[PDB]
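One structure is given here, and the rest of the page talks about it.
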Amino acid sequence: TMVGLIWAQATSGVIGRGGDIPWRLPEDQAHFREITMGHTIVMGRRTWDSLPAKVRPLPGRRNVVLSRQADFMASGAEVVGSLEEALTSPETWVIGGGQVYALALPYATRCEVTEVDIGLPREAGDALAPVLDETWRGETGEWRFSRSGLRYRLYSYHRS
Ligand SMILES: NC(=O)c1ccc[n+]([C@@H]2O[C@H](COP(=O)([O-])OP(=O)(O)OC[C@H]3O[C@@H](n4cnc5c(N)ncnc54)[C@H](OP(=O)(O)O)[C@@H]3O)[C@@H](O)[C@H]2O)c1
Ligand SMILES: Cc1nc(C(F)(F)F)c(C(=O)O)cc1-c1nc(-c2ccccc2)cs1
């Protein structure tokens, strides 16, 4: 059993605002699919609500949604009341959002982090990325360009 986290952040650490992600990076969809396809994905209820209906649930993955609400209906996902209840498959990828990343970081042995070269100053209410300590090791990838006009790069980090 392992847990990984996968997220994208601006250089400020902002990952979400107003119930959405404040940029688009279409080229990174392949990476997101390569990492998560065929595995369990776990997300917070707000992130589930943010998915367009076309990809709710995300196809080819076992979708799990965390909520404290008894009998919340998430058609296409299994709703659980604790993160630990979701960790039943060999590989579980936490796909957001801010609250669930913070909850899951202690359990994680991999982080796949896309850094987007955009200023995006923090504002009240923003969802923020977690911070990795010195227990993690890995590499920072080369800069890639997105047709959106932004450059981005991948940090692939891991620990025992
Ligand atoms: N890579 C990215 O940039 C990225 C990827 C994913 C999401 N996002 C963005 O992140 C934002 C959402 O993040 P968020 O922090 O506001 O919300 P979130 O983590 O997606 O969901 C929070 C909700 O999860 C449930 N939950 C949280 N902690 C729980 C715990 N111990 N036990 C049981 N259930 C728990 C609660 O649901 P209930 O209220 O139903 O109890 C909580 O209200 C959005 O802007 C999204 O677009 C960004
Ligand atoms: C349009 C879309 N399309 C595809 C598909 F089907 F086209 F590949 C996929 C896929 O399969 O990973 C995924 C999405 C989206 N993901 C998010 C999202 C948002 C937050 C966290 C994780 C994913 C939004 S919109």
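Could you run through region 1-12 and say how many residues are more than 13 Å from the chain's Cα centre (by Cα) and not hydrophobic (A, V, I, L, M, F, W, C)? Walk me through it before giving the result.
So the first thing to find is which residues in region 1-12 are more than 13 Å from the chain's Cα centre (by Cα), and the list is 1-2, 10-12.
Narrowing the set further to residues that are not hydrophobic (A, V, I, L, M, F, W, C) leaves 1, 11-12.
Qualifying residue count for the region: 3.
Conditions tested, residue by residue: (1) under 21 Å from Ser160 (Cα atoms); (2) in contact with a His (Cβ under 9 Å, 6 or more places away or on another chain); (3) surrounded by fewer than 17 Cβ atoms within 10 Å (Cβ to Cβ).
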position: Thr109; (1), (2), (3): yes, yes, yes
position: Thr114; (1), (2), (3): no, yes, no
position: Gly119; (1), (2), (3): no, no, yes
position: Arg122; (1), (2), (3): no, no, yes
position: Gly125; (1), (2), (3): no, no, yes
position: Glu134; (1), (2), (3): yes, no, yes
position: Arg137; (1), (2), (3): yes, yes, yes
position: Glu142; (1), (2), (3): no, no, yes
position: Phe145; (1), (2), (3): no, no, yes
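Being touching a strand residue (DSSP E or B) at 6+ places or on another chain (Cβ under 9 Å), closer than 20 Å to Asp28 by Cα, within 11 Å of ligand 2 (Cβ to nearest atom) and basic (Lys, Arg) is true for just one of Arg56, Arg110. Which residue is that? So that I can check it myself, show each step before the final result.
Numbers: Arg110 fails: within 11 Å of ligand 2 (Cβ to nearest atom).
When all the criteria are applied, what remains is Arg56.
Within the group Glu84, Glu78, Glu27, which residue is of a type in the set (D, E, K, R) and closer than 27 Å to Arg144 by Cβ? Lay out the reasoning, then the answer.
Values: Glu84 fails: closer than 27 Å to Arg144 by Cβ; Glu78 fails: closer than 27 Å to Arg144 by Cβ.
Selected residue: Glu27, the only one of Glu84, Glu78, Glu27 that is of a type in the set (D, E, K, R) and closer than 27 Å to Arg144 by Cβ.
Could you identify the single residue in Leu120, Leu132 that is free of Cβ contacts under 8 Å to residues at least 40 places away in the same chain and part of a loop (DSSP other than H, G, I, E, B)?
Values: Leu120 fails: free of Cβ contacts under 8 Å to residues at least 40 places away in the same chain.
Only one candidate passes the filter, namely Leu132.
Report, by residue number, each residue of region 58-85 that is among the small types (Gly, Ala, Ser) and in contact with a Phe, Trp or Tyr (Cβ under 7 Å, 6 or more places away or on another chain). Give the steps one after another, and end with the answer.
First, the residues of region 58-85 that are among the small types (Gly, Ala, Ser): 60, 67, 70, 74-77, 81-82.
Within region 58-85, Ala74, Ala77 qualify.
List pairs: first in region 32-48 and closer than 18 Å to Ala74 by Cβ, second away from ligand 1 (no atom under 12 Å from the Cβ) and among the hydroxyl-bearing types (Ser, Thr, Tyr), Cβ under 6 Å, 6+ apart or cross-chain?
Here the result reads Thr40/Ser89; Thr40/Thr92; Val42/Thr92, each pair linking region 32-48 to a residue that is away from ligand 1 (no atom under 12 Å from the Cβ) and among the hydroxyl-bearing types (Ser, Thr, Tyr).
Methodologically, a virtual Cβ is constructed for each residue, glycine included, from the backbone with ideal geometry; neighbour enumeration extends over all protein chains shown. Values quoted throughout were computed directly from the atomic coordinates according to the rules given, and no laboratory measurement underlies them.
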